[PDB]
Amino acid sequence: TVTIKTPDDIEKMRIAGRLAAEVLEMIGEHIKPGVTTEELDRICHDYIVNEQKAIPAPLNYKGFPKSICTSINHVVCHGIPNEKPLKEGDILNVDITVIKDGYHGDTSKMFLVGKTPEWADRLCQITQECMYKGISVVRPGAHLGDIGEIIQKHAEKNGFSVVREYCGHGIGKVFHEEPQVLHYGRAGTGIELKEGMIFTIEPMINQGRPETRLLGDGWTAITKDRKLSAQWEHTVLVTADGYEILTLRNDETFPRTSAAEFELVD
């Protein structure tokens, strides 16, 4: 069963969600050619632990040895931070998860490292759109398939493919719980959404074919065809009216809630 969070859980989830967003607003300043993913990891780790008084959820999670995941270029997800420097032209996903007093906030974004090819930029833009469209359909009475279909149609119209081997997930006082949030599928299928459900929408969208391959560290997934892949992620609450993005950043213009979306249509 999918857990239904109480009003109290939801307030604590807003808090965790705001912190994870703040790690991303903070780290952007440090991202330039030459900085290593491990130095970014150390910066996020110290911010989360020393300033936010919280804990990086990935750390030691099923063996994962670092505090954040850093996925660059043809890396699809779960890249382990290391001493390899960022190179101008890279696209970088920084994926944060913060646990504040037992509650998880999970979110990621793409960064452009110095000057980047314009078509890498567009992959990143289109992928964020896919995420935003997936969020736009969330409301009580929608079905999980609604989210997959709308992401999949937008990616595919743009000549990209959706990664099927990884999905979004319920999130709460546990990092990964039901449901599996697939980023492909058919409208009206899968479980029905209810107020108080909380889950991530985190589409991985590849420039070429959808298949991935795992490296020998057990975590780093790359595109089998070595083409680019981008991801963005938010933690989403189902509200009485529709959705609330718990991990919204201050640099984002997408409406935080169905209520803010209704207002702007006036």
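Residues carry their position along the shown sequence, with the first being 1.
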| item | value |
| --- | --- |
| Entry-level comparison of average CA B-factors, 131 to 139 and 69 to 77, reporting the higher stretch | 131 to 139 |
| 253 to 261 set against 21 to 29, stretch whose average Cα temperature factor tops the other in the entry | 253 to 261 |
| Candidate residues 86, 124, 99, 191, the one whose C-alpha B factor the record puts highest | 191 |
| Out of 114, 179, 105, 159, residue topping the C-alpha B-factor column of the entry | 179 |
| Third of the chain's Cα B-factor distribution that residue 201 belongs to, per the entry | lowest |
| Assigned third (lowest, middle, highest) for the C-alpha B factor of residue 241 | highest |
| Modelled-residue ranking by C-alpha temperature factor, third containing residue 38 | middle |
| Chain-wide C-alpha B factor ranking for residue 51, given as lowest, middle or highest third | highest |
| Chain thirds of CA B-factor: placement of residue 110 | lowest |
